[PDB]
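Shown next, in C-alpha cells, is the structure this report addresses.
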Amino acid sequence: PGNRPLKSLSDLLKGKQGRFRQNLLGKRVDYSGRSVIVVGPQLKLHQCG
Amino acid sequence: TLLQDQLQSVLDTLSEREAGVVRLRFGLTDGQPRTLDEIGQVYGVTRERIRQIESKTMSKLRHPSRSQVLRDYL
Amino acid sequence: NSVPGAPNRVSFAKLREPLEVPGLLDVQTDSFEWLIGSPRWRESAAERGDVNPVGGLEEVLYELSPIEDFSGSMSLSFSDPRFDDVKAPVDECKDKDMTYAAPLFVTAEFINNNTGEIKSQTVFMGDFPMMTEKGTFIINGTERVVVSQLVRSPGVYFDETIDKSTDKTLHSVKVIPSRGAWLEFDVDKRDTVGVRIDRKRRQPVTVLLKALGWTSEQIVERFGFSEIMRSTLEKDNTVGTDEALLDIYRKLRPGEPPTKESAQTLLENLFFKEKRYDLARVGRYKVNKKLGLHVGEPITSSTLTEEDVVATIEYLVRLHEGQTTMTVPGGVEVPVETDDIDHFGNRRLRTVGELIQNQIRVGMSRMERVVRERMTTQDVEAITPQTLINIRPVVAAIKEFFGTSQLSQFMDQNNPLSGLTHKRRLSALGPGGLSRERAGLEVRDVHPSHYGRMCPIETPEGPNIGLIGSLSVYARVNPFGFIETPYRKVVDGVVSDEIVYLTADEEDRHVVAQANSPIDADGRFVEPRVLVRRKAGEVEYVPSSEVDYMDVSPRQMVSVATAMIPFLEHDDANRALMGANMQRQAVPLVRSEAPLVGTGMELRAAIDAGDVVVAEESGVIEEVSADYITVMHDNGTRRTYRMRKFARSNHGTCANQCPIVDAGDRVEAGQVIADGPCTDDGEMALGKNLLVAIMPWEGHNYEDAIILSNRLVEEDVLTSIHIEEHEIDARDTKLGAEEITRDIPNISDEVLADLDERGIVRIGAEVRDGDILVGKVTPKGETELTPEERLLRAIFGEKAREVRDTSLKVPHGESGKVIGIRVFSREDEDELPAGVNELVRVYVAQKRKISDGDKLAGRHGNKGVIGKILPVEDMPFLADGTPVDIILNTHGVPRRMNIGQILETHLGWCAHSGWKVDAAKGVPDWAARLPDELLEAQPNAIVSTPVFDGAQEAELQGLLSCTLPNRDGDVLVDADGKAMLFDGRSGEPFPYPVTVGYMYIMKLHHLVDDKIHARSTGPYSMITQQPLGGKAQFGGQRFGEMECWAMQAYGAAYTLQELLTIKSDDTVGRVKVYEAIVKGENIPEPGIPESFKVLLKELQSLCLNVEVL
C-alpha cells in the first residue's frame, strides 16, 4: 500500500545496501576524539594536546 | 559469573551437604527448587532438621564478612 | 536627529540625505494587514492613490463566492469577511504553551434558485493566527519565521535561440499562465511556426488561428510580410479549422471523436477557462505591461485572448527579423526584443497572504469542494447556511501549513537583529520552489541591476550563497513583488528632491546619476561631465547635464548588517560578508558596551530592534521596579509598563530588559524606556572596545593562533548564562505506566535527601553531572530470576520490588540552579500526548566564564579564536605600566585586507583617548573642512561616521598628530602607531616601536560544549548496532573511507579491521575482548568477518553455493 513496491531477493548487496557498498563507507565507533584544537609551543613531536 | 562462580568459591567457604542442601534449596545445583523433605529426604531428617541448619548456615553467611566478600555483587 | 533618548555618536557626514530611515519591518504584516486588509491598510493603501484595494481575502470569497449547485437551483454566497478577537497577552500562550489567535466570523448566504431564498448566517470561521507587534506568530508559545521566495514573474516570455547547425536565431517564447497549462511559439529552423502548445509536437498555428476563424487571407493580409508565415500557409497543407481542430484535438487527446468539444469547448476552456484556465492578474496586468496593450485599462482576469495571442506572435515574427518597436492596431507600440529571467522585473517575490491565500485557497477549495458534493446530496430545504460547514480541514492545513511551512523558521532569538536579518532574509527556493540540485550559478549569479535591491555582499554561505538574501536598504517593493527605489530624480543641475519608488525596469530607460557627487549647491554637480550605468548598466561616464535621476544617498543595495563597518574600500568582501554573517554570532554576555566608535546604524538601527521598553506617551515617569514600571501617562493616565527577565532564548538566555531612568522623571511617547538583551546603553551591546596590538608572538597568534590576556577573568568581561529546558514526562502503558514518586530502590540517601517531597529538588538548586533528577518510576516486568539472586535476596532479605526504577539524571557539562517547572498533567487536564498524564520542564543557570583557546572577534570579519589565557603581569604593558588587552599576529590582512582594523584602531586609542585640534592660529587644512566642530576629542567620547563617507588618512593620520595627551599630558602613543611597551616578564625594552590600539569585538555561540564530544560506548543500532549516537550518547563519531585508505598507505590492517569488528559493532570482542580488557590479557586476537559468514547463507539462498578452499 502506498503502492510501495517491495524489496526483492535481488536486493541485499544490491542497492546502496550492497553489503558490497556496505563496508566501503566508514562509520561511527567508540572513543571519537573530535574537537577543536590548539598548538602548544612547548612541543615535542609525538607530544599532543 | 564473576559473581556466580566467585560465589561457588564462597559456596565452598564453609562445609559440604549444605550445598545440594541449598543448591537444591533452589535446585541451584540442578536448577530447580525443592522441599525440606525433597532434599533432606536425601540426608533423611526433618523439614525441621532441614531448614534448621539451613537458615542457620544462612546466619553463618548472614554474617557480614560472609557478605562483603560478595557484597558489591549487590 | 529626531531621537528622544538621543546622545551623539558624532559622525563624519560629508553629505546630506533629505531622506530618512524607513521602517523596514513593516513589510509583510502590512500584507497580512492588507491580507487582512484592515481599514488600517485599507486606509493605508487607500492613501497614495490606490483604487479599490482589498484585504487579501474577499477575492477568496469571490474568486469563488458566491456559490451554487450543478443543478443550477441552489445558490450560496458569502459575506462578513472578518474575525473576532484573541484572548491573551499572547504572552499568555507564551506561558500557556498554546498559540495566539482570534476567532473568525463571516456571513455567507445561500439562496435557492428554484424559489430562490435566503441563507446568510454570520458564521464563525476560525480563531486565528494573530500576528505579533513583532509582526509574528509564535505557535503554541513557539514561532518559526517566514521569508518570501523570490519568483521571476510568470508569463509568456521571450528570447532568441540560435542553432550552431546553421546558427539561425530560432527565437521564441513560452506561455506560462498560473494554473493555466502551456503552449508556445518558437522561431522554427526551416519554416516556420514554433506552434505546438504545452508539449504537442507542432502545428500550423492558424489551424488554431484559423481554427478560431481565420481566412488564410485574413492573416497574410494582416500577415503577408510576414512571409515566413506565408510558408505556414504553405506546408499547412491541411485546412478547415474544424478539419484541423478535430484533427488537432487528436493532436490533443490524441484519438477521440471530435465532438463539437473538439470543435471548441475545452479548447476555449483549455485557456478560456478562468473557471480553471487562470493566469495572474498581475501577469494579466503584466501583459499590458508587456506591450502598451489595452493598457488604458485598469483590468483584471485570466482573459486569454487570441487577440494579444497572435499580436505578440507577429511580435515574434517581426523580431526574428530584427525590428525595433511597432504598435499593434490600437495597442500602442512596443520596441520588440526577447526577454530575461535574470533581471528582477523578470522576477517577482512572494508574501504571506499570497501564500496562505494559496494555502487557504485550496483549504476552502478542499473543504469547499464538498458542500458542492453535499449541496447536491445535502437535500434542499432545511439545510441552513450552516448544515454544510467544516473549515476544520482548513486550519487543519493552514495551521498545519506552519507545520511543514518549512519557510516559517523559528526566529533565532539569539540576538535582536540576528533575528532581524532572519527578517529581511530572503530567497527563492523550496516548496514548489527550486531544488538547488537544479540551478545554474546564474541563480547565484551577480548582474547589474541588483543595486538598491539586496545586500550585494551577504547571502547564504555553504553551497548556499547566490541563493538567498534580503533587501538592500530602503526602496520598498511593488504592490506586486518588486522593489520601489525612489531616486534623486534630478532636474537641470537641480535634482528633483523627490522619491520615486522604482521597479528597476522603466527606469532602466533612464539616467544613472551619482550620490557622492559635488553639486553646485543646486543639483548643479559642478562638473560638466559625469559617469553612469547604461543600457547594460554600462557604468558609463558622461557630461553632467543630462541624467533624469540621481540617487537617494550613498550606500543602499547594502544591507544593514552590511551597513556596519567602514574601511570597506580597504577590505575583503570575502572576509567581509564573512564578518557579515559573523556579526550575528555574537553572544550577549553581560556587561553591555558599545564601540566608542561605529557608524550611526547602531541603535538608530538597533531602535529597529523595536524591543526595549520604549516610551508610549509624553507622560512623566511613574513608580518603577524591575518588572515593569507605572507610567504617568500625563493624561492623568498611567500604565505600569512591564519589563522581562530570566527567560530562555531559542538558545538559552534571560528575558532581561534593563530600565533607563526614574519613576518620577518626565518623558514622551516612543522614546526609550529600558533595554535588556543585546542592549547596551539603549543599543546592541556587542563587544569590547579593546586594546591589544600587533605582534605575532612566540608562536601563539601564528596560524590563526591567538594570544590572550587574563585580568579579563577577575574582570569577568566574558560570560552570561544559558538555558536548557528540562523535561521528563509521566507515561502510561502495558506493565503499568510511568510514575514519578520520590521513593527509589537501593538509591543513595542524600541523592534523594535533596529532591522535592516526591521527586526533583527545588528552584535555584545547584548540581553537576550525573545528578539524578526526576522522581519517576515505572513497573519493571515479570520474568523470574535466578534463585541464586532472590535466594541472594533471601540471602540478604533485600526483598526486591518489581518496578522499572526510572527517572532522569544530569548528563555532562551541566549544573546551576533549579528553574523550569512545566510539570503539566494530562491527568491534571493539562492536555498532552498519549499514554502520559503529565510532564515538567525545567531550567538551570550556568555562567560561562569564557575559556581561552576558543574564538571571538569583531568587525573586519577579522574573526579570532581564543588560544591561550595569560596572567596580567607577564605581559607587554604601558611604559606607563598598563598592559594590553591582548596582542595580534600579523600576516593575514596582507593576503587578507581589512586594515581599517589598523585605522579604526588608531582611531580607537584616539577616541578612547580623545584630543583637540590645536588648529589655533589657523587650520589643519585636512581639517580645513569636515566636521570642524570636533576640533578635539574630550579624551574618549561618542564617535560615528558615514559608510562610504568618513575622514581621511592624512586627516585621520594628522589626527594621529593631534592628541589629548594624558595625565602627565602624556602620550606613550606615537604620532606614528608604534610605541614601545616592555615585557610583563623578562621586561626589557623592545626592538622597535609598537603598533597597538583597541577593538570592541563580539563573542561566540560556537565552542566546545556546542561540539564537545566523543563517545566511549553506549547505544547501538538495534539493527546495525552501530553507535546509537544521541543526546545521552556522544554520537560516537562516524569514520571515513579515505582514511581507511590512509591505513592502506600504511596497512595497520587489524587496526581498521578491528574497527570493522570492534567499535564498528563487534558484538563479540565488544563483549569478548571487552572482557579481555576486563581481564587485561593478550587480547582475543582478531577473529573473522563473521556476519560475512552470513553471506554464504545469503548466497545459497539463491542456489548460490560455491566455496573457496
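Key figures for this structure:
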item: Tally of residues being within 27 Å of C:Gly345 (Cα to Cα), surrounded by fewer than 20 Cβ atoms within 10 Å (Cβ to Cβ) and not basic (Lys, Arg) across region C:533-555; result: 10
item: Among residues of region C:652-676, those that are over 17 Å from C:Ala6 (Cβ atoms) and not aliphatic (A, V, I, L, M), counted; result: 10
item: Given (1) surrounded by 14 or more Cβ atoms within 10 Å (Cβ to Cβ); (2) within 7 Å of chain C (Cβ to nearest Cβ); (3) in contact with a helix residue (DSSP H, G or I) (Cβ under 7 Å, 6 or more places away or on another chain); (4) not basic (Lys, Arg), number of the condition A:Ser35 does not satisfy; result: (1)
item: Number of positions in region C:776-814 that are among the acidic types (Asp, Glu) and either within 11 Å of chain B (Cβ to nearest Cβ) or touching a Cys at 6+ places or on another chain (Cβ under 7 Å) (or both); result: 3
item: Test: residue in region C:744-767 that is within 14 Å of chain B (Cβ to nearest Cβ), of a type in the set (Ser, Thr, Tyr) and within 20 Å of C:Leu808 (Cβ to Cβ); result: yes
item: Candidates C:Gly958, C:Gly987, C:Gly997, C:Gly977, filtered to the one that is out of contact with any strand residue (DSSP E or B) (no Cβ under 7 Å at 6 or more places or on another chain), small (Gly, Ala, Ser) and either surrounded by 20 or more Cβ atoms within 10 Å (Cβ to Cβ) or at negative phi (or both); result: C:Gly958
item: Residue list for region C:954-966, restricted to those being in contact (Cβ under 8 Å) with a residue 24 or more places away in the chain and assigned to a loop (DSSP other than H, G, I, E, B); result: C:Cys962, C:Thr963, C:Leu964, C:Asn966
item: Criterion (surrounded by fewer than 13 Cβ atoms within 10 Å (Cβ to Cβ) and either outside any loop (DSSP other than H, G, I, E, B) or among the hydrophobic types (A, V, I, L, M, F, W, C) (or both)) met by exactly one of C:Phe32, C:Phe70, C:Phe83, C:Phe12; result: C:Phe70
item: Single residue of C:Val844, C:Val823, C:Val774 found to be more than 34 Å from the chain's Cα centre (by Cα), buried (at least 19 other Cβ atoms within 10 Å of the Cβ) and more than 30 Å from C:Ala561 (Cβ to Cβ); result: C:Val774
item: Index of the failed condition, C:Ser1021 passing every other in (1) in contact (Cβ under 8 Å) with a residue 60 or more places away in the chain; (2) exposed (fewer than 14 other Cβ atoms within 10 Å of the Cβ); result: (1)
item: Helices (runs of 4 or more DSSP H) lying entirely in region B:1-64 (those with 2 or more residues that are away from every other protein chain (no Cβ under 13 Å)); result: B:18-23, B:36-40, B:47-62
item: Residue in region C:347-382 that is surrounded by the most Cβ atoms within 10 Å (Cβ to Cβ), counting only those that are free of Cβ contacts under 8 Å to residues at least 12 places away in the same chain and in a loop (DSSP other than H, G, I, E, B); result: C:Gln378
item: Residue in region C:1012-1025 that is within 30 Å of C:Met582 (Cβ to Cβ), within 11 Å of another protein chain (Cβ to nearest Cβ) and of a type in the set (A, V, I, L, M, F, W, C) present; result: yes
item: Some residue of region C:287-295 being in a helix (DSSP H, G or I), more than 30 Å from C:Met326 (Cα to Cα) and among the basic types (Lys, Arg); result: no
item: Verdict on A:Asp30 being acidic (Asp, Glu), more than 9 Å from every other protein chain (Cβ to nearest Cβ) and without any contact (Cβ under 8 Å) to a residue 12 or more places away in the chain; result: no
item: Residue in region C:437-446 that is more than 20 Å from the chain's Cα centre (by Cα), over 23 Å from C:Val27 (Cβ atoms) and touching a residue at least 60 places away in the same chain (Cβ under 8 Å) present; result: yes
item: Among the residues listed as C:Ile1012, C:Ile1088, the single one being surrounded by fewer than 14 Cβ atoms within 10 Å (Cβ to Cβ) and within 42 Å of the chain's Cα centre (by Cα); result: C:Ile1012
item: Condition broken by A:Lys14, with the remaining ones in (1) at positive phi; (2) more than 10 Å from every other protein chain (Cβ to nearest Cβ); (3) surrounded by 14 or more Cβ atoms within 10 Å (Cβ to Cβ) satisfied; result: (1)
item: Check on C:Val394, touching a helix residue (DSSP H, G or I) at 6+ places or on another chain (Cβ under 7 Å) and either part of a helix (DSSP H, G or I) or farther than 21 Å from C:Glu59 by Cβ (or both); result: yes
item: Enumeration of residues in region B:65-74 that are part of a helix (DSSP H, G or I), surrounded by fewer than 15 Cβ atoms within 10 Å (Cβ to Cβ) and either within 13 Å of chain C (Cβ to nearest Cβ) or in contact with a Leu (Cβ under 6 Å, 6 or more places away or on another chain) (or both); result: B:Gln68, B:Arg71, B:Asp72
item: Answer residue from region C:567-593, given it is in a loop (DSSP other than H, G, I, E, B) and touching a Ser or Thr at 6+ places or on another chain (Cβ under 6 Å) and is surrounded by the fewest Cβ atoms within 10 Å (Cβ to Cβ) among those; result: C:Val590
item: Tally of residues being in a loop (DSSP other than H, G, I, E, B) and at the interface with chain C (Cβ under 9 Å from one of its Cβ atoms) across region A:17-27; result: 4
item: Residue identified as without any contact (Cβ under 8 Å) to a residue 24 or more places away in the chain, assigned to a loop (DSSP other than H, G, I, E, B) and over 19 Å from C:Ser815 (Cβ atoms) among C:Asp749, C:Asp754; result: C:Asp749
item: Checklist (1) under 28 Å from the mean Cα position of the chain (by Cα); (2) surrounded by fewer than 17 Cβ atoms within 10 Å (Cβ to Cβ); (3) of a type in the set (A, V, I, L, M) applied to C:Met643, failing item; result: (2)
item: Residue list for region C:847-878, restricted to those being among the basic types (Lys, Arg) and either under 29 Å from the mean Cα position of the chain (by Cα) or within 14 Å of chain A (Cβ to nearest Cβ) (or both); result: C:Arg848, C:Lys855, C:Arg859, C:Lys863, C:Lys868
item: Residues of region C:967-1011 that turn out to be outside any loop (DSSP other than H, G, I, E, B) and within 14 Å of chain A (Cβ to nearest Cβ), as a count; result: 4
item: Residue within region C:333-346 that is touching a helix residue (DSSP H, G or I) at 6+ places or on another chain (Cβ under 7 Å) and buried (at least 18 other Cβ atoms within 10 Å of the Cβ) present; result: yes
item: Selection count where residues are out of contact with any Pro (no Cβ under 9 Å at 6 or more places or on another chain) and buried (at least 20 other Cβ atoms within 10 Å of the Cβ), scope region C:187-213; result: 11
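Positions of Cβ are generated from backbone atoms using ideal geometry, with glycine treated the same way; all protein chains shown enter the neighbour counts. Readers should treat all values here as calculations from the given coordinates under stated rules, not as data from a laboratory.
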